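Engineer: Please find one structure pasted underneath; my questions will follow.
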Amino acid sequence: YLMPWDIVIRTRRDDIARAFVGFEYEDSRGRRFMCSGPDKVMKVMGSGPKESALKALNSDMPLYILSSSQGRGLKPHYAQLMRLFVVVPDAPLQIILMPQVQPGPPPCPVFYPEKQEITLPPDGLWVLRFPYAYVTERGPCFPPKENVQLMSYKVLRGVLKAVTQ
């Protein structure tokens, strides 16, 4: 599922446009799930998601989360944030995408696409695919080892901005 993002157009059902957002994690076995915040795997039982996207958009989303399966092995399985889903409504607003990723603790650099600000066209279900591996001039930013604080591996808050026209 994707989280509802209710955007106010004018400071009636006509004053609020509804977008949808989903942060997709993928594990090494190809299992996929959406998160509704840093420590919360989204689970919908019944008539759709109750959780607002505004919480996830205003928080740093972790690049790695523990996969919800106990494998028959001693090693923790991480799922990586691989995709961002965005439903842009047909409404007088601009949705701007600004993806920034920090794949490790400071002084680790921040990675971003070659186009830093991307205005998404109206009436569209869009998917941004994040890099699988991150590499600097000093070499690769390796995935977290056993005993590393996952909070240092993150997609920075503010990945999406809405601007009313």
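Here's how to read the names in the structure tokens: chain A, B, ... by the order shown, residue numbers from 1 in each chain, ligand numbers from 1 in the order shown.
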Neighbours of residue 41 in chain A within 10 Å (only C-alpha atoms; same-chain residues fewer than 5 positions away dropped), as a JSON list (two decimals) with C-alpha atoms, in the first residue's frame?
Structural biologist:
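Once everything was written out, this is around35.json:
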[["chain", "number", "residue", "atom", "x", "y", "z"],
["A", 23, "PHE", "CA", 9.06, 3.87, 0.79],
["A", 24, "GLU", "CA", 9.85, 0.39, -0.58],
["A", 25, "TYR", "CA", 12.40, -1.92, 1.06],
["A", 33, "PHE", "CA", 7.57, -4.19, 1.78],
["A", 34, "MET", "CA", 6.58, -0.57, 2.39],
["A", 35, "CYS", "CA", 7.48, 1.40, 5.55],
["A", 36, "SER", "CA", 5.32, 4.17, 7.09],
["A", 65, "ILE", "CA", 15.99, -2.12, 8.07],
["A", 67, "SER", "CA", 13.94, -8.00, 7.31],
["A", 68, "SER", "CA", 10.92, -9.47, 9.19]]
Engineer: When distances are computed from only C-alpha atoms, which of A:10, A:119, A:156, A:109 shows the smallest separation from residue 138 in chain A?
Structural biologist: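 Among the listed residues, the smallest separation from residue 138 in chain A belongs to A:109.
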Engineer: Give me, please, the distance in Å between CA of residue 77 in chain A and CA of residue 28 in chain A, quoted to one decimal.
Structural biologist: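 Answer for the CA of residue 77 in chain A to CA of residue 28 in chain A separation: 7.7 Å.
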Engineer: Taking the chain letters and numbering used in this document, name the residues of range 11-165 of chain A that DSSP puts in alpha helix (DSSP H), as a compact mmCIF listing (two decimals) with C-alpha atoms, in the first residue's frame.
Structural biologist:
# COMPACT_ATOMS: atom_id res chain seq x y z
CA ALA A 53 2.74 10.07 4.62
CA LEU A 54 3.53 13.38 6.44
CA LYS A 55 5.25 11.47 9.30
CA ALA A 56 7.59 9.57 6.93
CA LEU A 57 8.30 12.68 4.75
Engineer: Write out as a PyMOL selection string which residues come within 9 Å of residue 91 in chain A when counting only C-alpha atoms, dropping same-chain ones fewer than 3 positions away.
Structural biologist: chain A and resi 9+17-18+88+94+122-123
Engineer: Find, counting only C-alpha atoms, the residue in A:81, A:42, A:87, A:74 that gets nearest to residue 126 in chain A.
Structural biologist: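 Looking at the shortest contact to residue 126 in chain A, the residue is A:87.
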Engineer: So that I can see what lies close to residue 48 in chain A, please list as a short mmCIF file (atom, residue, chain, number, x, y, z; two decimals) with N, CA, C and O atoms, in the first residue's frame the residues with an atom at most 12 Å from it, counting only C-alpha atoms and leaving out residues fewer than 4 positions away in the same chain.
Structural biologist:
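Written output follows (selection-v4.cif):
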data_model
loop_
_atom_site.label_atom_id
_atom_site.label_comp_id
_atom_site.auth_asym_id
_atom_site.auth_seq_id
_atom_site.Cartn_x
_atom_site.Cartn_y
_atom_site.Cartn_z
N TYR A 1 0.83 -1.21 0.00
CA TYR A 1 0.00 0.00 0.00
C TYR A 1 0.87 1.27 0.00
O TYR A 1 2.04 1.20 0.33
N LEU A 2 0.30 2.41 -0.37
CA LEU A 2 0.96 3.72 -0.33
C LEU A 2 0.22 4.60 0.69
O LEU A 2 -1.00 4.54 0.79
N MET A 3 0.95 5.41 1.44
CA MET A 3 0.37 6.29 2.45
C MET A 3 -0.28 7.52 1.82
O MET A 3 0.35 8.15 0.97
N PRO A 4 -1.50 7.92 2.23
CA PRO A 4 -2.10 9.17 1.79
C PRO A 4 -1.31 10.39 2.27
O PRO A 4 -0.93 10.50 3.44
N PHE A 20 -0.22 10.15 -2.92
CA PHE A 20 0.19 8.95 -2.18
C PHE A 20 1.69 8.71 -2.26
O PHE A 20 2.28 8.93 -3.31
N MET A 42 4.78 -1.07 7.17
CA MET A 42 3.36 -0.89 6.91
C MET A 42 2.67 -2.25 6.76
O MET A 42 3.08 -3.08 5.96
N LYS A 43 1.60 -2.46 7.53
CA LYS A 43 0.72 -3.63 7.43
C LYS A 43 -0.72 -3.16 7.40
O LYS A 43 -1.22 -2.63 8.39
N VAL A 44 -1.39 -3.35 6.27
CA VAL A 44 -2.79 -2.98 6.09
C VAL A 44 -3.66 -4.22 6.24
O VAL A 44 -3.51 -5.19 5.51
N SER A 52 -0.72 8.55 7.68
CA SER A 52 -0.37 9.68 6.81
C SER A 52 1.10 9.64 6.40
O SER A 52 1.98 9.41 7.25
#
Engineer: Could you pull out the strand (DSSP E) residues of chain A, going by DSSP on the backbone, and write them as number ranges by chain?
Structural biologist: A: 3-8, 16-27, 32-37, 40-41, 61-62, 64-66, 78-88, 93-97, 101-103, 118-120, 124-129, 134-136, 139-141, 153-155, 160-164
Engineer: Near residue 133 in chain A, within 10 Å and counting only C-alpha atoms, which residues show up once chain neighbours fewer than 5 positions away are dropped, as a CSV table (one decimal) with N, CA and C atoms, in the first residue's frame?
Structural biologist:
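Once everything was written out, this is part.csv:
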chain,number,residue,atom,x,y,z
A,103,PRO,N,24.9,7.0,3.1
A,103,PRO,CA,25.1,5.6,3.2
A,103,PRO,C,26.1,5.2,4.3
A,140,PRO,N,34.0,2.0,-1.9
A,140,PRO,CA,32.6,1.7,-1.7
A,140,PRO,C,32.2,1.9,-0.2
A,141,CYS,N,30.9,2.5,-0.1
A,141,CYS,CA,30.2,2.5,1.2
A,141,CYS,C,29.5,1.2,1.4
A,142,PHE,N,30.2,0.3,2.2
A,142,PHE,CA,29.7,-1.1,2.4
A,142,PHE,C,28.4,-1.1,3.2
A,143,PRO,N,27.5,-2.1,3.0
A,143,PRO,CA,26.3,-2.3,3.9
A,143,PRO,C,26.7,-2.4,5.4
